[PDB]
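Written below as structure tokens is the structure these notes are about.
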Amino acid sequence: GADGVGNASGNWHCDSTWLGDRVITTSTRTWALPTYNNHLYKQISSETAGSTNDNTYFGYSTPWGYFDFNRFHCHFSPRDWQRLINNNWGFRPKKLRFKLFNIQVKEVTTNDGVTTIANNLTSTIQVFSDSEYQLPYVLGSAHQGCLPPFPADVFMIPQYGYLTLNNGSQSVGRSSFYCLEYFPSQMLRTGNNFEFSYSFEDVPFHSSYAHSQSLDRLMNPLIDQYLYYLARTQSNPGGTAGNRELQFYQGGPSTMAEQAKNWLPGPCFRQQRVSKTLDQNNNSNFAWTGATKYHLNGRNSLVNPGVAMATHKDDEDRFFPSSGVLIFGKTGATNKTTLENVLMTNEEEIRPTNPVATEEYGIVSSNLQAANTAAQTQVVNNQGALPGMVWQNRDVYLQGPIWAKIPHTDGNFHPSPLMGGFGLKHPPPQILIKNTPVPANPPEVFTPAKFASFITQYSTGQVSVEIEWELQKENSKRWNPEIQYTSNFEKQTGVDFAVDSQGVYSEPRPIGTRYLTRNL
Amino acid sequence: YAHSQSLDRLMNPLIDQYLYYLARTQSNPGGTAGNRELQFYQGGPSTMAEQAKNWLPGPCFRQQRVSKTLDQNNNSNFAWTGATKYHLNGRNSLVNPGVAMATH
Amino acid sequence: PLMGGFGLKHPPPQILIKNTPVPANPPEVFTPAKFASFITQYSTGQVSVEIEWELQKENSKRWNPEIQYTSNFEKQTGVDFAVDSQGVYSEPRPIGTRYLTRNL
């Protein structure tokens with residue numbers, strides 16, 4: 001930064017600019033940063049609370065905080081989100097610009113029950129972004145602490161901490177320890193400000209479209225194929241006795257199912273089906289026991305949300321995959337709630353290309369039939385990738401994560417975040433912030449020991465983030481109208497996506513991007 | 001290089017997710033009778049296993065486990081019989097070493 | 001405007017002003033909830049506004065005198081459009097613009 005105490009270090013700019021094929025969404029917020037761990041790096045482990053072999057962990061908690069803006073509703077208003085999803089077949093991020101400014105560091109003293117807060121003008125904060133991706137990257141794990149959806153809210157910066165390898169609650173030899181004061185970081189007083197600019201690597205557009213066709217129906221309904229299939233292994237029964245014969249027909253309008261096809265549905269990893277009407281569910285706890293989960297190094301980790309698959313079948317609304325959806329809270333919901341409080345997203349738009357998450361991929365022959373032996377088949381619950389598969393990624397939601405970091409590995413298959421958004425090798429850097437320690441008066445005779453005695457203080461200020469988004473226009477020749485995301489129209493006690501009488505902003509429903517349709 | 005983290009642990013241990021998962025399909029038993037209910041929690045420091053994740057472990061093609069202490073192995077010859085092997089044109093070819101997977 | 005004055009398609013813009021929130025000390029362990037706890041504060045200052053007005057002169061050939069807006073002339077306990085003993089400014093009457101006359 002440049003000037004001194006009585007000069008503001010940056011303006012409030014929160015806006016959205018729709019120009020041509022791009023949109024630039026700027027958002028500004030006010031934040032508050034406490035002092036974490038009394039300026040201490042501490043190791044954390046599951047030893048303190050026994051938990052279970054699956055939940056064991058080992059790691060470190062740091063005094064540093066961090067800035068999270070990895071949810072769309074940070075950058076989008078409900079109206080701006082509506083322009084996007086109604087008018088466009090896809091979008092991707094292009095550029096990023098981050099700013100801290102108008103920094104204030106308060107000192108707080110407690111005497112005789114009365115708490116006093118005063119400006120400390122000479123105290124600093126430390127801020128650095130990790131550009132080289134050297135620290136553990138905890139973004140993209142869909143935690144709390146992101147900038148709020150509503151510009152008028154004030155949010156508290158979350159604490160930074162990370163996990164590493166472990167054996168039980170202990171640490172193995174490969175466990176890493178990172179000191180974050182071992183990086184260069186800019187130190188800022190009230191006149192100083194912080195900024196950096198970032199540029200997204202090239203990624204495919206998100207698909208904001210739903211298919212208007214299905215794989216199995218891509219044919220011409222009027223015309224008959226020139227390819228035979230095997231219709232019958234017996235002669236047409238007259239009610240007397242079946243006689244062995246091989247009969248071949250041509251796929252045609254009459255029978256589409258038997259007709260030949262070039263393509264196959266996407267892969268599935270199956271999951272249990274749960275009903276929203278309680279009396280239709282089994283009486284037992286199958287949530288963890290009957291769960292679909294993957295086994296890694298003796299740990300069973302639930303598969304959530306998992307491979308993208310349609311949530312329910314054509315006519316069945318009430319069923320949902322046990323682990324196979326994203327679930328959001330309604331406003332004023334605790335960390336433990338019932339079905340009425342949650343907001344539950346479903347992918348019904350991927351039914352054309354994708355299996356239903358709660359049902360089989362297909363069925364496959366298990367044996368070699370003969371004259372005495374009868375044909376047997378087995379059900380395919382899980383299927384990996386086969387040549388000729390097509391699928392869709394999970395949808396992105398106004399409340400959902402924007403990106404996640406692709407791990408650094410020898411290989412990956414079609415990397416995309418299974419929660420949603422844009423897989424990135426070099427995602428937006430983590431921004432880390434801390435209150436610099438201010439010692440309380442030292443003893444006046446030299447002792448080597450650690451101080452532990454500090455002035456309790458916190459800092460506040462504003463942060464603005466600006467992302468440039470690229471749009472993919474809708475080319476469709478469809479005659480009839482599209483589906484659109486609309487407002488309620490009929491009267492109601494309060495406006496959706498607006499504050500109530502008490503001042504509490506709320507988002508009544510999740511909103512996905514897939515409305516406009518295109519051919520498959 | 002060896003990784004210093006695991007896929008399942010990539011999260012932030014200090015902070016709680018905004019995503020619910022389905023914790024229980026019955027009401028918390030008092031020792032009387034279970035009652036049907038759906039209960040959703042948030043993945044957090046307490047339960048990492050149930051917490052939502054972006055990624056999955058690599059593919060596997062499974063294989064039999066043999067112990068270096070002879071008395072812990074079964075008494076039989078399972079080396080070829082209990083082997084993991086692929087079938088190509090009527091030939092059974094042992095899968096060696098196979099898809100990369102942690103040994104133990 | 002049926003109350004009076006100048007109808008404007010693009011009137012003078014609304015100027016909007018607010019005190020930026022200053023949070024009170026946060027709890028030191030992370031909670032997502034809205035703060036609601038702020039430092040009570042207010043701001044003061046000066047504002048100046050300058051308008052340029054255009055005038056239309058009186059061309060009349062009328063022989064006799066016009067009506068004019070005049071002061072009281074006779075003595076009274078206090079001056080009109082001036083403060084009283086207690087310091088309270090007051091406007092004793094409304095004053096319109098229509099005095100000078102012209103032909104119809």
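Derivation of every value follows stated rules applied to the coordinates shown; laboratory data play no part. When we count neighbours, we look across all protein chains shown, and the Cβ atoms used for this are built from the backbone with ideal geometry, even at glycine.
Across segment A:278-319, the qualifying residues are those that are surrounded by fewer than 17 Cβ atoms within 10 Å (Cβ to Cβ), polar (S, T, N, Q) and more than 28 Å from B:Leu10 (Cβ to Cβ), and the one among them that is farthest from the other protein chains (Cβ to nearest Cβ) is A:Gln280.
Among the residues of segment A:424-434, is any in contact with a strand residue (DSSP E or B) (Cβ under 6 Å, 6 or more places away or on another chain), more than 18 Å from A:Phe91 (Cβ to Cβ) and without any contact (Cβ under 8 Å) to a residue 60 or more places away in the chain? Checking segment A:424-434: not a single residue is in contact with a strand residue (DSSP E or B) (Cβ under 6 Å, 6 or more places away or on another chain), more than 18 Å from A:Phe91 (Cβ to Cβ) and without any contact (Cβ under 8 Å) to a residue 60 or more places away in the chain. Looking only at residues that are facing another protein chain (nearest Cβ under 9 Å) and loosely packed, with under 12 Cβ neighbours inside 10 Å in segment A:4-58, which one is farthest from the chain's Cα centre (by Cα)? Step by step, filter segment A:4-58, then rank; the result is A:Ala49.
The rows are residues; the columns are (1) in contact with a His (Cβ under 8 Å, 6 or more places away or on another chain); (2) farther than 29 Å from A:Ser275 by Cα; (3) away from chain B (no Cβ under 14 Å).
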{"residue": "A:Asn354", "(1), (2), (3)": "no, no, yes"}
{"residue": "A:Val364", "(1), (2), (3)": "no, no, yes"}
{"residue": "A:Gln378", "(1), (2), (3)": "no, no, yes"}
{"residue": "A:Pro437", "(1), (2), (3)": "yes, yes, yes"}
{"residue": "A:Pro442", "(1), (2), (3)": "no, yes, yes"}
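Is there a residue being surrounded by 13 or more Cβ atoms within 10 Å (Cβ to Cβ), over 30 Å from A:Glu474 (Cβ atoms) and touching a strand residue (DSSP E or B) at 6+ places or on another chain (Cβ under 6 Å) anywhere in segment A:233-246? Checking segment A:233-246: at least one residue is surrounded by 13 or more Cβ atoms within 10 Å (Cβ to Cβ), over 30 Å from A:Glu474 (Cβ atoms) and touching a strand residue (DSSP E or B) at 6+ places or on another chain (Cβ under 6 Å). I want to confirm something. Restricting to segment C:59-81 and keeping residues that are free of Cβ contacts under 8 Å to residues at least 24 places away in the same chain and surrounded by 10 or more Cβ atoms within 10 Å (Cβ to Cβ), which single residue is farthest from C:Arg93 (Cα to Cα)? Filtering first and then ranking leaves C:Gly78. Every condition in (1) in contact with a strand residue (DSSP E or B) (Cβ under 8 Å, 6 or more places away or on another chain); (2) crowded, with 17+ Cβ neighbours inside 10 Å; (3) polar (S, T, N, Q) holds for A:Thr115 except the one numbered (2).
Considering segment B:57-104 alone, what residues qualify as being in contact with a strand residue (DSSP E or B) (Cβ under 6 Å, 6 or more places away or on another chain) and of a type in the set (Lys, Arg)?
B:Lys85
Among residues of segment A:501-512 that are part of a loop (DSSP other than H, G, I, E, B), those with a beta-carbon under 7 Å from a residue that is among the polar types (S, T, N, Q) at least six positions away or on a different chain give the pairs A:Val504/A:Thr331; A:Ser506/A:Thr331; A:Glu507/A:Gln399; A:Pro510/A:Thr345; A:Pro510/A:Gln399. If we scan segment A:74-84, do we find a residue that is farther than 18 Å from A:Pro401 by Cα and more than 13 Å from chain B (Cβ to nearest Cβ)? The answer is yes, given that some residue of segment A:74-84 is farther than 18 Å from A:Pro401 by Cα and more than 13 Å from chain B (Cβ to nearest Cβ).
Quick check on segment A:269-287. Is at least one of its residues among the hydroxyl-bearing types (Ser, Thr, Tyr), under 23 Å from A:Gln213 (Cα atoms) and either in contact with an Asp or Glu (Cβ under 8 Å, 6 or more places away or on another chain) or free of Cβ contacts under 8 Å to residues at least 12 places away in the same chain (or both)?
Initially, segment A:269-287 is screened for residues among the hydroxyl-bearing types (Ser, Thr, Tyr), giving A:275, A:277, A:284.
With the extra rule that they be under 23 Å from A:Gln213 (Cα atoms), the set shrinks to none.
Checking segment A:269-287: not a single residue is among the hydroxyl-bearing types (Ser, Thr, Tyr), under 23 Å from A:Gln213 (Cα atoms) and either in contact with an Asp or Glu (Cβ under 8 Å, 6 or more places away or on another chain) or free of Cβ contacts under 8 Å to residues at least 12 places away in the same chain (or both).
Out of curiosity, is C:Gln86 loosely packed, with under 10 Cβ neighbours inside 10 Å, assigned to a loop (DSSP other than H, G, I, E, B) and either among the acidic types (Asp, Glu) or more than 23 Å from the chain's Cα centre (by Cα) (or both)?
no
Counting the residues of segment A:129-185 that are on the phi > 0 side of the Ramachandran plot and among the hydrophobic types (A, V, I, L, M, F, W, C) gives 1. One residue is enough: does segment A:195-208 have a residue meeting the conditions in a strand (DSSP E or B), within 22 Å of the chain's Cα centre (by Cα) and within 14 Å of chain B (Cβ to nearest Cβ)? Scanning segment A:195-208, I find no residue that is in a strand (DSSP E or B), within 22 Å of the chain's Cα centre (by Cα) and within 14 Å of chain B (Cβ to nearest Cβ), so the answer is no. Looking for something surrounded by fewer than 11 Cβ atoms within 10 Å (Cβ to Cβ) and outside any loop (DSSP other than H, G, I, E, B) - is there at least one such residue anywhere in segment A:340-360? No, there is no match, as no residue in segment A:340-360 is surrounded by fewer than 11 Cβ atoms within 10 Å (Cβ to Cβ) and outside any loop (DSSP other than H, G, I, E, B). Looking only at segment A:136-170, residues that are surrounded by fewer than 22 Cβ atoms within 10 Å (Cβ to Cβ) and more than 11 Å from chain B (Cβ to nearest Cβ) come to 11 in all.
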